[PDB]
Every structure is written in C-alpha cells, then in structure tokens.
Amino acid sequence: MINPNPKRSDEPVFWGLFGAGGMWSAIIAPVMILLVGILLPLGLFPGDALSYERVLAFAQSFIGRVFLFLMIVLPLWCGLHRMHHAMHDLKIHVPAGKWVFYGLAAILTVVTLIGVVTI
C-alpha cells in the first residue's frame, strides 16, 4: 500500500540549491541579461563602461570574482534541476538523469570556479 520505512529522499539537497538559485535568477538575472545581452552588443552604454578594459577590472576584483561565479553557477542549479524534472513530466527516459543533470551542473560549477580563480 504505502511503504512503512520509506527511504528519505535526497531531494532536499538539490531543491535547496535550486531555491537559492531560483531566487537569484529572479532578482538579478533580468538586469544582467539586459546589460550583457542587450546593452553591451548594441553599444548602448555610456562611454567606456563596458569596455574590455573595464570588465576585466570588475571581473578581476574579488567582488566581481564572487559575483560572476554566483551569477553563473546558481542559475545552473535552479535551471538544470528544472530540466531534470521536465524529462519526467514530458515522460522522457534519460539514464541516470540524476547523474546527467547534476553531473553537468557540477562540471560547470567547477569550470566557472576555475574561471574565477582565473586561467
């Protein structure tokens, strides 16, 4: 009927990340996409604000190093946890999807980490 001694799901763990990640993309992603994806390429920024030279200064600041990391990393966790479940909802069987999606998240997190310790 219903398992008497059912196993504790590991799900709290990913869902926690995805909570932190989701809140971040909610609050901060729109302005970021706006700056990076719209202003930067359309040169719709005043002077030399988004010049190669200026970015690097921020990128390479400690604050930037953390900010860029989280800007990249948190949305992946929220993002991919969502896609993990979208397979199920769409009824798509992916082998070790838990391994696939969270694995991908971990690969990227580490890469990003590497980037913000610099290459």
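Quick note: we count residues from 1 along the sequence shown, nothing fancier.
Higher mean CA temperature factor between 51 to 59 and 75 to 83: 51 to 59, per the PDB entry. The deposited model assigns a higher average Cα B-factor to 85 to 93 than to the other stretch when 85 to 93 and 24 to 32 are compared. Per the deposited record, the Cα B-factor of residue 38 falls in the middle third when ranked against the other modelled residues of its chain.
In the deposited entry, the Cα temperature factor of residue 15 sits in the bottom third of values across the chain's modelled residues.
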